[PDB]
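To be precise, the following lines are protein.txt, and they hold compact mmCIF, N, CA and C atoms and all ligand atoms.
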# COMPACT_ATOMS: atom_id res chain seq x y z
N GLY A 222 0.83 -1.19 0.00
CA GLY A 222 0.00 0.00 0.00
C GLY A 222 0.87 1.24 0.00
N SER A 223 0.25 2.38 -0.27
CA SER A 223 0.99 3.62 -0.46
C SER A 223 0.18 4.78 0.05
N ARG A 224 0.88 5.76 0.61
CA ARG A 224 0.29 7.06 0.83
C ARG A 224 0.02 7.66 -0.55
N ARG A 225 -0.84 8.66 -0.55
CA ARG A 225 -1.00 9.46 -1.74
C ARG A 225 -0.31 10.77 -1.50
N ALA A 226 0.51 11.14 -2.47
CA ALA A 226 1.28 12.36 -2.40
C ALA A 226 0.98 13.24 -3.59
N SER A 227 1.01 14.54 -3.35
CA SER A 227 1.00 15.49 -4.42
C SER A 227 2.44 15.87 -4.73
N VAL A 228 2.85 15.64 -5.97
CA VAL A 228 4.24 15.76 -6.39
C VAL A 228 4.40 16.75 -7.54
N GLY A 229 5.24 17.75 -7.36
CA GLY A 229 5.48 18.73 -8.40
C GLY A 229 6.73 19.52 -8.09
N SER A 230 6.73 20.79 -8.46
CA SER A 230 7.82 21.69 -8.10
C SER A 230 7.26 22.82 -7.27
N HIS A 231 8.11 23.48 -6.46
CA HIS A 231 7.61 24.51 -5.56
C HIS A 231 6.96 25.65 -6.34
N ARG A 232 6.01 26.32 -5.69
CA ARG A 232 5.37 27.50 -6.26
C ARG A 232 5.45 28.63 -5.23
N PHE A 233 6.57 29.34 -5.21
CA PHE A 233 6.82 30.32 -4.16
C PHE A 233 6.12 31.64 -4.44
N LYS A 234 5.56 32.24 -3.39
CA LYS A 234 4.91 33.54 -3.50
C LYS A 234 5.23 34.38 -2.25
N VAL A 235 5.53 35.66 -2.43
CA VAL A 235 5.89 36.51 -1.30
C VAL A 235 4.79 36.43 -0.24
N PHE A 236 5.18 36.38 1.02
CA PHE A 236 4.25 36.16 2.11
C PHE A 236 4.51 37.15 3.25
N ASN A 237 3.44 37.57 3.93
CA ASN A 237 3.57 38.44 5.09
C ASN A 237 3.49 37.63 6.37
N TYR A 238 4.64 37.37 6.98
CA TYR A 238 4.71 36.58 8.20
C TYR A 238 4.26 37.44 9.39
N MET A 239 3.31 36.93 10.16
CA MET A 239 2.72 37.72 11.24
C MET A 239 3.46 37.56 12.56
N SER A 240 4.42 36.64 12.59
CA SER A 240 5.29 36.48 13.74
C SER A 240 6.64 36.00 13.25
N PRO A 241 7.68 36.10 14.10
CA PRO A 241 9.02 35.76 13.62
C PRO A 241 9.09 34.34 13.05
N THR A 242 9.65 34.21 11.86
CA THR A 242 9.64 32.96 11.12
C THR A 242 11.02 32.81 10.51
N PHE A 243 11.47 31.57 10.40
CA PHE A 243 12.81 31.26 9.93
C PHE A 243 12.78 30.66 8.54
N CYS A 244 13.89 30.80 7.83
CA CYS A 244 14.01 30.21 6.52
C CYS A 244 14.14 28.69 6.69
N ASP A 245 13.30 27.93 5.99
CA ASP A 245 13.36 26.48 6.04
C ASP A 245 14.56 25.91 5.34
N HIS A 246 15.24 26.73 4.53
CA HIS A 246 16.46 26.29 3.92
C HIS A 246 17.68 26.54 4.80
N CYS A 247 17.90 27.79 5.19
CA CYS A 247 19.19 28.15 5.81
C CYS A 247 19.16 28.34 7.32
N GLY A 248 17.96 28.45 7.89
CA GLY A 248 17.83 28.60 9.33
C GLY A 248 17.87 30.01 9.88
N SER A 249 18.23 30.99 9.06
CA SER A 249 18.23 32.37 9.54
C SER A 249 16.84 32.98 9.51
N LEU A 250 16.63 33.94 10.39
CA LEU A 250 15.38 34.70 10.49
C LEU A 250 14.98 35.32 9.15
N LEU A 251 13.69 35.23 8.82
CA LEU A 251 13.13 36.00 7.72
C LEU A 251 12.96 37.45 8.22
N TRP A 252 13.94 38.29 7.91
CA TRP A 252 14.05 39.61 8.54
C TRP A 252 12.88 40.53 8.24
N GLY A 253 12.49 41.32 9.24
CA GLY A 253 11.51 42.37 9.02
C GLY A 253 10.10 41.99 9.44
N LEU A 254 9.15 42.88 9.17
CA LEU A 254 7.78 42.71 9.64
C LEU A 254 6.75 42.45 8.53
N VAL A 255 7.16 42.67 7.28
CA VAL A 255 6.31 42.38 6.12
C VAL A 255 7.13 41.85 4.95
N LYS A 256 6.48 41.09 4.06
CA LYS A 256 7.11 40.57 2.85
C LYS A 256 8.51 40.01 3.13
N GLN A 257 8.64 39.25 4.21
CA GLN A 257 9.97 38.86 4.67
C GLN A 257 10.59 37.74 3.86
N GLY A 258 9.76 37.00 3.13
CA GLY A 258 10.26 35.90 2.33
C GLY A 258 9.14 35.36 1.49
N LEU A 259 9.30 34.13 1.02
CA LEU A 259 8.30 33.48 0.19
C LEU A 259 7.83 32.17 0.77
N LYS A 260 6.55 31.89 0.59
CA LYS A 260 5.97 30.66 1.07
C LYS A 260 5.51 29.86 -0.14
N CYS A 261 5.83 28.57 -0.18
CA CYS A 261 5.34 27.75 -1.26
C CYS A 261 3.84 27.55 -1.11
N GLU A 262 3.09 27.89 -2.16
CA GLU A 262 1.63 27.80 -2.14
C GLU A 262 1.13 26.37 -1.99
N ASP A 263 1.99 25.41 -2.29
CA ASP A 263 1.60 24.00 -2.25
C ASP A 263 2.00 23.26 -0.97
N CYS A 264 3.24 23.43 -0.53
CA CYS A 264 3.73 22.67 0.62
C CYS A 264 4.04 23.51 1.85
N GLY A 265 3.98 24.83 1.75
CA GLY A 265 4.22 25.70 2.89
C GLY A 265 5.67 26.03 3.23
N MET A 266 6.63 25.56 2.44
CA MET A 266 8.03 25.87 2.70
C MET A 266 8.26 27.37 2.69
N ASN A 267 8.98 27.88 3.69
CA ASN A 267 9.31 29.30 3.81
C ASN A 267 10.78 29.53 3.46
N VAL A 268 11.06 30.46 2.54
CA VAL A 268 12.44 30.77 2.17
C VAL A 268 12.73 32.26 2.05
N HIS A 269 13.97 32.65 2.36
CA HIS A 269 14.46 33.96 1.92
C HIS A 269 14.37 34.07 0.41
N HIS A 270 14.25 35.29 -0.10
CA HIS A 270 14.38 35.50 -1.54
C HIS A 270 15.66 34.84 -2.07
N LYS A 271 16.78 35.06 -1.38
CA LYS A 271 18.06 34.53 -1.88
C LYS A 271 18.09 33.00 -1.85
N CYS A 272 17.32 32.41 -0.95
CA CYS A 272 17.33 30.96 -0.77
C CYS A 272 16.41 30.26 -1.78
N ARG A 273 15.53 31.02 -2.43
CA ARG A 273 14.70 30.46 -3.50
C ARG A 273 15.56 29.78 -4.54
N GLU A 274 16.74 30.35 -4.80
CA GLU A 274 17.66 29.81 -5.79
C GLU A 274 18.48 28.64 -5.31
N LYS A 275 18.42 28.35 -4.01
CA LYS A 275 19.27 27.33 -3.44
C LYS A 275 18.54 26.02 -3.17
N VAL A 276 17.22 26.07 -3.06
CA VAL A 276 16.47 24.87 -2.70
C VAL A 276 16.24 23.98 -3.92
N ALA A 277 16.10 22.69 -3.68
CA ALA A 277 15.69 21.76 -4.71
C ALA A 277 14.28 22.14 -5.13
N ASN A 278 13.97 21.93 -6.40
CA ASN A 278 12.63 22.24 -6.90
C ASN A 278 11.55 21.29 -6.39
N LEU A 279 11.95 20.07 -6.05
CA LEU A 279 11.00 19.03 -5.66
C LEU A 279 10.08 19.49 -4.55
N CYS A 280 8.78 19.36 -4.80
CA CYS A 280 7.76 19.76 -3.86
C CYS A 280 6.75 18.64 -3.69
N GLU A 281 6.76 18.01 -2.52
CA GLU A 281 5.81 16.94 -2.25
C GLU A 281 5.12 17.12 -0.91
N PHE A 282 3.90 16.64 -0.82
CA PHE A 282 3.24 16.55 0.48
C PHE A 282 2.22 15.45 0.45
N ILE A 283 1.95 14.89 1.62
CA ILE A 283 0.97 13.81 1.74
C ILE A 283 -0.43 14.40 1.67
N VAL A 284 -1.28 13.84 0.81
CA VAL A 284 -2.66 14.32 0.69
C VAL A 284 -3.53 13.58 1.71
N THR A 285 -3.85 14.26 2.80
CA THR A 285 -4.56 13.64 3.91
C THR A 285 -6.06 13.93 3.85
N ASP A 286 -6.65 13.69 2.69
CA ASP A 286 -8.08 13.93 2.49
C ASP A 286 -8.85 12.62 2.33
N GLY B 222 10.88 22.62 -14.80
CA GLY B 222 9.43 22.62 -14.77
C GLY B 222 8.86 21.23 -14.60
N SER B 223 7.75 21.13 -13.90
CA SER B 223 7.14 19.83 -13.60
C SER B 223 5.64 19.98 -13.46
N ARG B 224 4.89 19.04 -14.02
CA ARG B 224 3.47 18.98 -13.74
C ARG B 224 3.31 18.64 -12.27
N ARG B 225 2.14 18.93 -11.72
CA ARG B 225 1.82 18.41 -10.40
C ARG B 225 0.95 17.19 -10.62
N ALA B 226 1.38 16.11 -9.99
CA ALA B 226 0.70 14.83 -10.09
C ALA B 226 0.29 14.34 -8.71
N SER B 227 -0.86 13.69 -8.63
CA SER B 227 -1.23 12.91 -7.47
C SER B 227 -0.77 11.48 -7.68
N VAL B 228 0.04 10.98 -6.75
CA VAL B 228 0.72 9.70 -6.90
C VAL B 228 0.40 8.83 -5.69
N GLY B 229 -0.20 7.68 -5.92
CA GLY B 229 -0.55 6.77 -4.85
C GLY B 229 -0.79 5.37 -5.39
N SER B 230 -1.68 4.63 -4.73
CA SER B 230 -2.11 3.32 -5.20
C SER B 230 -3.60 3.37 -5.55
N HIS B 231 -4.07 2.48 -6.42
CA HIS B 231 -5.47 2.57 -6.82
C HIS B 231 -6.37 2.34 -5.60
N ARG B 232 -7.57 2.90 -5.67
CA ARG B 232 -8.59 2.71 -4.66
C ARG B 232 -9.86 2.24 -5.37
N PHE B 233 -9.92 0.95 -5.70
CA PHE B 233 -11.03 0.42 -6.47
C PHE B 233 -12.28 0.21 -5.61
N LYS B 234 -13.42 0.57 -6.18
CA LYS B 234 -14.72 0.41 -5.54
C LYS B 234 -15.70 -0.10 -6.59
N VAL B 235 -16.55 -1.06 -6.21
CA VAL B 235 -17.54 -1.61 -7.11
C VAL B 235 -18.39 -0.48 -7.66
N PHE B 236 -18.64 -0.53 -8.96
CA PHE B 236 -19.30 0.56 -9.64
C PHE B 236 -20.43 0.01 -10.49
N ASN B 237 -21.53 0.74 -10.55
CA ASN B 237 -22.65 0.33 -11.39
C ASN B 237 -22.66 1.14 -12.68
N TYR B 238 -22.17 0.55 -13.76
CA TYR B 238 -22.04 1.27 -15.03
C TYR B 238 -23.37 1.47 -15.74
N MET B 239 -23.55 2.67 -16.30
CA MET B 239 -24.83 3.08 -16.87
C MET B 239 -24.92 2.83 -18.37
N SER B 240 -23.76 2.65 -18.99
CA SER B 240 -23.68 2.39 -20.41
C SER B 240 -22.54 1.42 -20.61
N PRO B 241 -22.50 0.76 -21.78
CA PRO B 241 -21.50 -0.28 -22.05
C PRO B 241 -20.07 0.26 -21.90
N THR B 242 -19.31 -0.39 -21.03
CA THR B 242 -18.00 0.08 -20.62
C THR B 242 -17.05 -1.10 -20.69
N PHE B 243 -15.81 -0.83 -21.07
CA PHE B 243 -14.81 -1.87 -21.22
C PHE B 243 -13.81 -1.86 -20.08
N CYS B 244 -13.20 -3.02 -19.84
CA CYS B 244 -12.14 -3.12 -18.86
C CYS B 244 -10.89 -2.43 -19.39
N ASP B 245 -10.37 -1.48 -18.60
CA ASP B 245 -9.17 -0.73 -18.98
C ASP B 245 -7.91 -1.57 -18.94
N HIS B 246 -7.99 -2.76 -18.32
CA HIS B 246 -6.86 -3.68 -18.34
C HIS B 246 -6.89 -4.62 -19.57
N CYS B 247 -7.97 -5.38 -19.72
CA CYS B 247 -8.00 -6.47 -20.69
C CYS B 247 -8.77 -6.17 -21.96
N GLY B 248 -9.57 -5.11 -21.96
CA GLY B 248 -10.32 -4.72 -23.15
C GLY B 248 -11.66 -5.40 -23.36
N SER B 249 -12.03 -6.38 -22.52
CA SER B 249 -13.34 -7.01 -22.67
C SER B 249 -14.43 -6.21 -21.97
N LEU B 250 -15.64 -6.32 -22.47
CA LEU B 250 -16.80 -5.64 -21.92
C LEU B 250 -16.95 -5.98 -20.44
N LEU B 251 -17.30 -4.96 -19.65
CA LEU B 251 -17.71 -5.18 -18.26
C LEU B 251 -19.17 -5.70 -18.30
N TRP B 252 -19.34 -7.02 -18.25
CA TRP B 252 -20.64 -7.66 -18.47
C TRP B 252 -21.63 -7.37 -17.36
N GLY B 253 -22.90 -7.30 -17.73
CA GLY B 253 -23.96 -7.09 -16.76
C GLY B 253 -24.59 -5.71 -16.83
N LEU B 254 -25.63 -5.51 -16.04
CA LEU B 254 -26.28 -4.21 -15.97
C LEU B 254 -26.04 -3.55 -14.61
N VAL B 255 -25.51 -4.31 -13.66
CA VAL B 255 -25.11 -3.78 -12.35
C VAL B 255 -23.79 -4.36 -11.84
N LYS B 256 -23.09 -3.58 -11.02
CA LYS B 256 -21.85 -4.01 -10.37
C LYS B 256 -20.94 -4.74 -11.34
N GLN B 257 -20.77 -4.18 -12.53
CA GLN B 257 -20.11 -4.89 -13.60
C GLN B 257 -18.61 -4.92 -13.40
N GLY B 258 -18.11 -4.04 -12.54
CA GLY B 258 -16.68 -4.00 -12.30
C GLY B 258 -16.36 -3.02 -11.21
N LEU B 259 -15.11 -2.59 -11.17
CA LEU B 259 -14.64 -1.63 -10.17
C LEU B 259 -14.03 -0.42 -10.85
N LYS B 260 -14.32 0.75 -10.29
CA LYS B 260 -13.74 2.00 -10.75
C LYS B 260 -12.82 2.54 -9.66
N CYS B 261 -11.61 2.93 -10.05
CA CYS B 261 -10.74 3.60 -9.09
C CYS B 261 -11.29 4.98 -8.73
N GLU B 262 -11.42 5.22 -7.43
CA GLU B 262 -12.01 6.46 -6.93
C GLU B 262 -11.12 7.66 -7.21
N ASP B 263 -9.85 7.38 -7.47
CA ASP B 263 -8.87 8.43 -7.67
C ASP B 263 -8.60 8.77 -9.14
N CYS B 264 -8.40 7.75 -9.97
CA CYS B 264 -8.01 8.00 -11.36
C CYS B 264 -9.03 7.57 -12.39
N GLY B 265 -10.11 6.92 -11.94
CA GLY B 265 -11.15 6.48 -12.84
C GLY B 265 -10.95 5.19 -13.62
N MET B 266 -9.84 4.50 -13.39
CA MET B 266 -9.62 3.23 -14.10
C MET B 266 -10.75 2.24 -13.83
N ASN B 267 -11.21 1.55 -14.88
CA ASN B 267 -12.30 0.60 -14.79
C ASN B 267 -11.75 -0.81 -14.99
N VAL B 268 -12.04 -1.73 -14.07
CA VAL B 268 -11.56 -3.11 -14.25
C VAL B 268 -12.59 -4.18 -13.88
N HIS B 269 -12.52 -5.33 -14.55
CA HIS B 269 -13.25 -6.50 -14.06
C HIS B 269 -12.79 -6.86 -12.66
N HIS B 270 -13.67 -7.51 -11.91
CA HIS B 270 -13.27 -8.02 -10.61
C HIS B 270 -12.02 -8.89 -10.77
N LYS B 271 -12.01 -9.79 -11.76
CA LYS B 271 -10.86 -10.66 -11.96
C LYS B 271 -9.58 -9.93 -12.39
N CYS B 272 -9.73 -8.74 -12.97
CA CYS B 272 -8.57 -7.98 -13.43
C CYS B 272 -7.97 -7.07 -12.36
N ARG B 273 -8.67 -6.91 -11.25
CA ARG B 273 -8.17 -6.13 -10.10
C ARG B 273 -6.81 -6.66 -9.70
N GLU B 274 -6.66 -7.98 -9.66
CA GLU B 274 -5.39 -8.60 -9.25
C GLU B 274 -4.29 -8.53 -10.30
N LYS B 275 -4.65 -8.17 -11.52
CA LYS B 275 -3.69 -8.19 -12.60
C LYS B 275 -3.04 -6.83 -12.86
N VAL B 276 -3.68 -5.75 -12.43
CA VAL B 276 -3.15 -4.42 -12.71
C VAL B 276 -2.09 -4.00 -11.71
N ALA B 277 -1.15 -3.18 -12.16
CA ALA B 277 -0.19 -2.60 -11.24
C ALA B 277 -0.92 -1.70 -10.26
N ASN B 278 -0.39 -1.59 -9.04
CA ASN B 278 -1.06 -0.76 -8.04
C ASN B 278 -0.90 0.73 -8.27
N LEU B 279 0.15 1.12 -8.99
CA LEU B 279 0.48 2.54 -9.21
C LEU B 279 -0.69 3.33 -9.78
N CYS B 280 -1.03 4.42 -9.12
CA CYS B 280 -2.17 5.24 -9.51
C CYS B 280 -1.73 6.70 -9.55
N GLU B 281 -1.64 7.25 -10.76
CA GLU B 281 -1.21 8.63 -10.90
C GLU B 281 -2.16 9.37 -11.80
N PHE B 282 -2.35 10.65 -11.53
CA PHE B 282 -3.03 11.53 -12.46
C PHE B 282 -2.52 12.95 -12.30
N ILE B 283 -2.61 13.72 -13.38
CA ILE B 283 -2.19 15.11 -13.38
C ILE B 283 -3.25 15.95 -12.68
N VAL B 284 -2.85 16.77 -11.70
CA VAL B 284 -3.82 17.63 -11.05
C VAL B 284 -3.90 18.95 -11.83
N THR B 285 -5.06 19.18 -12.44
CA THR B 285 -5.26 20.33 -13.31
C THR B 285 -6.03 21.42 -12.59
N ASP B 286 -5.86 21.46 -11.28
CA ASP B 286 -6.52 22.44 -10.44
C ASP B 286 -5.84 23.81 -10.56
ZN ZN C 1 6.57 23.36 -2.19
ZN ZN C 2 17.46 31.37 3.88
ZN ZN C 3 -6.29 4.69 -9.74
ZN ZN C 4 -10.65 -7.16 -17.57

Here is a file; write its structure as structure tokens.
Amino acid sequence: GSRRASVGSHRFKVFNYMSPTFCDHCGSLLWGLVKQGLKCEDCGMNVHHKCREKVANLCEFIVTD
Amino acid sequence: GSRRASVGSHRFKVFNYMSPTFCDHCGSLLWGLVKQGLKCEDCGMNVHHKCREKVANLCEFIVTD
């Protein structure tokens, strides 16, 4: 048997973090109070703008529906 | 670039076909007027009861959402 996964590539979009949040790639704070980084619309990964270029494109998550 | 796909295993459920439908595995008619076979709830594959055991479990479809 198998889980069902949604498999694609990340879809990053600038996001307004309402509390201090860290880059899921590098571990440093997403600096500032607005538009601090990007959140993947599909899997929720948070990255610095600069880290968008560093992450693997692979985007998967378990579909728990 | 990558499509987004849902990737899992088939989820077959007995189905009552309304019009003449063929087995997606073997090509023979799904005989009868009721419960003629099974349809995968995820990808729509149609199979005879006897062909359920013959198909690969892999179930994928492109999510066009
Ligand atoms: Zn993602
Ligand atoms: Zn970072
Ligand atoms: Zn299927
Ligand atoms: Zn068949």

Using only C-alpha atoms, find which residues of chain A lie within 9 Å of chain B and jot them down as a ChimeraX atom specification. /A:222-230,278-280,284

inquiry  = as a PyMOL selection string, please: every protein or nucleic acid residue near ligand ZN 2 (chain C) (cut-off 7 Å, counting all atoms listed in the file).
reply    = chain A and resi 243-249+267-273

Inset, instruction - Give the strand (DSSP E or B) residues of chain A, as assigned by DSSP on the backbone, as a ChimeraX atom specification. - result: /A:226-230,233-236,243,250,258-261,267-268,279-283

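Here atom C of residue 240 of chain B and atom N of residue 262 of chain B stand 17.7 Å from one another.
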
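Put simply, atom ZN of ligand ZN 3 (chain C) is 11.1 Å away from atom N of residue 276 of chain B.
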
Here atom N of residue 264 of chain B and atom CA of residue 237 of chain B stand apart by 16.1 Å

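When only C-alpha atoms and all ligand atoms are used to compute distances to ligand ZN 4 (chain C), the closest of the residues B:232, B:254, B:275, B:241 turns out to be B:275.
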
With 8 Å added on each side, what axis-aligned box encloses every listed atom of segment 234-245 of chain A? Give the centre and edge lengths in Å to one decimal, as AutoDock Vina command-line options.
--center_x 8.6 --center_y 32.2 --center_z 5.3 --size_x 27.8 --size_y 28.5 --size_z 33.6

From the list B:242, B:236, B:255, B:265, the nearest residue to ligand ZN 3 (chain C) using all atoms listed in the file is B:265

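Distances to ligand ZN 4 (chain C) were evaluated for B:285, B:233, B:238, B:250 using only N, CA and C atoms and all ligand atoms, and the minimum falls at B:250.
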
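Distances from B:252, B:274, B:261, B:286 to ligand ZN 3 (chain C) were compared using all atoms listed in the file, and the smallest one belongs to B:261.
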